[PDB]
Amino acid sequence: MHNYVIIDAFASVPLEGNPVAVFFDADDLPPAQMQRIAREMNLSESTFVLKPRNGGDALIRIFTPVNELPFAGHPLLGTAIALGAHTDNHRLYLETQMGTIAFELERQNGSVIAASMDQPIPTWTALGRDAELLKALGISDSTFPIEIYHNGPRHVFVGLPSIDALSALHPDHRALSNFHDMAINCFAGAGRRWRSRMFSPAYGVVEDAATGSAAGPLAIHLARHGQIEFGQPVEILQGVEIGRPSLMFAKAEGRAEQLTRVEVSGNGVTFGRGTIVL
C-alpha cells in the first residue's frame, strides 16, 4: 500500500553515504503510523512525502525510530533525490516544520544524481565545557575554538591538527553521553578539503557516516576562524573510519554577522526499492 526507496545520501556508490528510507504518497498515514513505520525500519530517519500546504512541491515529515524531527540534513537530501525520479522540475521546494527548503536537482538522463539545498541559518556560541569534552575525546586541546552551532540539531566542532590525528581518536562514548541534545564533530584538513568524524550518543549514533546538518555550520566555523572565506565552498569527507565514506559540499555566503545563504550539496544513489503492506 506504500512504495518506498532507500537512498544512500552523500554518496554516488551504494553502501557508502548515509541511508534514509523515503515513503511516497503518505497522505493516508496518520502520524502515529508514520512513527511506527520509522521504528520498524530502524534507519536513522524515514521520511514521508505529503501534499504541500504552503505552495511548495511537497511536505516532508521526518522521523527517527523514536521521534519526529523538524529538519535534518541527509534525510532531506535523500528525499529530494528520491522525489526527483517522479518529477521533471529543476528545482524542488520541500516544506518542513522549519519552513520551505529549496533544492536544485542535478540529473543525468532523467536520473537525479545529486542535489543542493539551502539550509536554515545557524546560530552559535562557545560550548563552555572544553576540558570535559577534550577528556572524553582523549586529547588535550582543540585547534580552533570549541563552539556549538544550532540549526535544528546542535553541532559542536573540535579541530584536530592533522587528518592522522583525527583518524586516531578513540572517544570514550560513555563520557560523551553526558553531552545531551548535541553531536560532536571532529575535523581536520586545509584549504578546500576537510575530514570529519561525528559522534552522538544523544542522537543515537556511535559514529555517523554523513552529518549533513553539520556541513553548513562547519563551513561557517572555518570561515569565521580564517581557514576559508565566506563564499568559498569546502569538500568534507566523513565516515572513512567506519567504512561509509561520504562527501559533503558546503558554502556560507555573507559574513558572520549577516549570513545570507548556507548551501549544502551531495550525491545520492538508490540502494533499494520496495513496498510495505500498510
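Sequential numbering from 1, following the sequence displayed. So that the term is clear: the rigid core is the largest set of C-alpha atoms that superpose within 1.5 Å between two forms.
> State which stretch is farther from the displayed form on average in 7 other deposited structures of this protein, 225-233 or 27-35, counting RMS CA distance after fitting on the rigid core.
Of the two stretches, the larger average C-alpha offset in 7 other deposited structures of this protein falls on 27-35.
> Which is farther from the shown form in 7 other deposited structures of this protein in C-alpha RMS with the core fitted, 95-103 or 197-205?
The more displaced stretch in 7 other deposited structures of this protein turns out to be 95-103.
> Averaging C-alpha B-factors over each stretch, which comes out higher, 187-195 or 82-90?
The stretch with the larger average C-alpha B-factor is 82-90.
> Quick check: 176-184 versus 151-159, which has the larger average CA B-factor in the record?
Mean CA B-factor is higher for 176-184.
> In this PDB entry, which of 139, 166, 76, 113 has the top CA B-factor?
Of 139, 166, 76, 113, 139 has the highest C-alpha B-factor.
> Quick one: which of 49, 32, 248, 220 shows the highest Cα temperature factor in the PDB entry?
Within the set 49, 32, 248, 220, 32 shows the top C-alpha B-factor.
> Compared with the other modelled residues in the chain, in which third is the CA B-factor of residue 212?
CA B-factor rank for residue 212: middle third.
> Considering only modelled residues of the same chain, in which third does the CA B-factor of residue 11 rank: lowest, middle or highest?
According to the entry, residue 11 has a C-alpha B-factor in the chain's highest third.
> Which third, lowest, middle or highest, does the C-alpha temperature factor of residue 265 belong to within its own chain?
Answer is middle: the recorded C-alpha B-factor places it there.
> Test of reading the entry: by CA B factor among the chain's modelled residues, which third contains residue 201?
For residue 201, the deposited C-alpha B-factor lands in the highest third.
> Taking only the Cα B-factors deposited for this chain, tell me whether residue 233 sits in the lowest, middle or highest third.
Within its chain, residue 233 is a middle-third residue by C-alpha B-factor, going by the deposited values.
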